[PDB]
Amino acid sequence: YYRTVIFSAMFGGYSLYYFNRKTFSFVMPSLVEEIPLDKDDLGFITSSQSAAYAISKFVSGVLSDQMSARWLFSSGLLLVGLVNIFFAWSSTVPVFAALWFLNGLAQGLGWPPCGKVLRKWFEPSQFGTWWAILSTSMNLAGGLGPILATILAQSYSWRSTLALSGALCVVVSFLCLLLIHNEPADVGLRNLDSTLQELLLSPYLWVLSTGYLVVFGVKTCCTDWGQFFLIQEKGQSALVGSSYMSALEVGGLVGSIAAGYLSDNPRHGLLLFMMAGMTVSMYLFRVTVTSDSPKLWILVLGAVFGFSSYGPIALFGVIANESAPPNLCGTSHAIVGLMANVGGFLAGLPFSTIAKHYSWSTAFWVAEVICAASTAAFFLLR
Ligand SMILES: O=C(/C=C(/c1ccccc1)n1cnc2ncccc21)O[C@@H]1C[C@](OC[C@@H]2C[C@@H]2c2ccc(Cl)cc2)(C(=O)O)C[C@@H](O)[C@H]1O
């Protein structure tokens, strides 16, 4: 009962976080077709997102210890709602970047509160499977996102499918003020149960962190820019690219679910085969797609990318728990997430700068060669 509500008001709550952390990506074609923006401008917006999400992710890991988790989750969800409402009324790129920077700060203040809630309602042996099911909320939101964004944006507006999402997040924030609970002892339901500088100077954390940097950077490149690659170079329509995002996130659902079965260091080999599959799938996506190339192929390549991108994200999370000491394990996850969103910042603005200064094909060549160089450098370290 309480563990059903505590996970349905969050799985349906954090999907209205990830549906709005990528809602600039979901209505990217209408935003570019209506008003002209630089690719540096779009990369500047999504890099303000990634930098703000880095800073707020790293500070909210301490704010979970200082401050409660239902209050930060509800307040950040209401802030995301107000941000997207003002983002639909706004029209120019500096205020786009400012409101999307506030969206990055708001998105950072909500996911470690989900960590504190799910850490204090389930057994510590069952942290992993409920974390995986809550991490499939990103795949669910990004799977149902761009299809709705295209089928509503062609019919009404991008501003209308931002205002509806903002109002929905305000309504579910007023719901999450009252649905979830931070501590079961507040309602009385039988509550259950330096070395830092060595951890910053431990080599396995840096290898894990640059690996999750390059995996989250390649995933952020391919997610936030693959549909735009298909529209502006490969001649696909906006529907094909939005369905490519959707097939990427359906493949990510299958990946982050079947990263739990296939894990149960022998996990490192599964992880490296899966990153090699990511590099080979992105090479096929850079070469083999064509105007004459069918839609079913590009959905299969999206699914094979997602099965090989969110898969190593889930395995990197599992290894980042297992390599962390139990006294200050949240600091290790904060360092890993900070390097992840440094990878997201590298995926936002310098990637689009490489895109508009050489080519989109050269941009995905840069992303494919840094993913291939990382997979080759990780085939050598083991
Ligand atoms: O958090 C993990 C993995 C585990 C884990 C537990 C058991 C087996 C294998 C892995 N984990 C650590 N603390 C946890 N507390 C509750 C539930 C799971 C917890 O990976 C991290 C996931 C990652 O950061 C999320 C930040 C920690 C907070 C959070 C938010 C929501 C939740 Cl549900 C949990 C924690 C992200 O999703 O962006 C990226 C990187 O930081 C990874 O390292």
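Determine the dipole magnitude for segment 194-382: charges of +1 sit on the beta-carbon of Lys and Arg, -1 on that of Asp and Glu, nothing else is charged, the reference point is the Cα centre, and the result goes in debye to the nearest 20. Don't skip to the answer; put the middle values down first.
Values: 7 positive and 8 negative charges, 44 e Å.
Its charge dipole is roughly 220 debye.
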Could you line up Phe86, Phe26, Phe316, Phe122 from fewest to most neighbouring Cβ atoms inside 10 Å?
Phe86, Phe122, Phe316, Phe26
Cα centroid separation, segment 123-195 to segment 85-108 (Å)
20 Å
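Determine, for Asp40, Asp193, the number of other Cβ atoms within 10 Å of each Cβ, and report the residues in order from fewest to most. Write down the numbers at each step before the final one.
Details: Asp40 17, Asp193 4.
The most exposed by this proxy come first: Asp193, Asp40.
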Within the set of other residues whose C-beta is less than 10 Å from the C-beta of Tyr310, count the net charge using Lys and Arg as +1 and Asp and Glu as -1.
0
Would you please classify the overall shape of segment 117-163 from the alpha carbon gyration tensor, given that a ≥ b ≥ c denote the square roots of the eigenvalues, rounded means a/c under 1.5, and beyond that prolate means a/b larger than b/c while oblate covers the rest?
prolate
Segment 194-382: C-alpha gyration tensor shape, a/c 1.5 cut-off, then a/b vs b/c:
prolate
Packing-based exposure ordering (other Cβ within 10 Å, fewest first) of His357, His333, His181, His268:
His357, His268, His333, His181
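What number, rounded to the nearest 500 deg cm²/dmol, is the helix-based mean residue ellipticity at 222 nm of the chain, given -39500 (n - 2.57) per DSSP H run of at least four residues and division by all its residues? Could you put the intermediate results ahead of the total?
Details: 18 runs with 311 residues, N = 382.
Result for the chain: -27500 deg cm²/dmol, rounded to the nearest 500.
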Can you bin the chain into rounded, prolate or oblate? Criterion: square roots of the alpha carbon gyration tensor eigenvalues sorted a ≥ b ≥ c, rounded for a/c under 1.5, prolate for a/b above b/c, oblate for the rest.
oblate
So, for the Cα atoms of segment 1-153, Rg and Dmax in Å stand at 16.2, 51
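Here the Cβ is made from the backbone with ideal geometry for all residues, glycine too, and neighbour counts use every protein chain on show. Throughout, read-outs are computed from the coordinates displayed, never taken from laboratory work.
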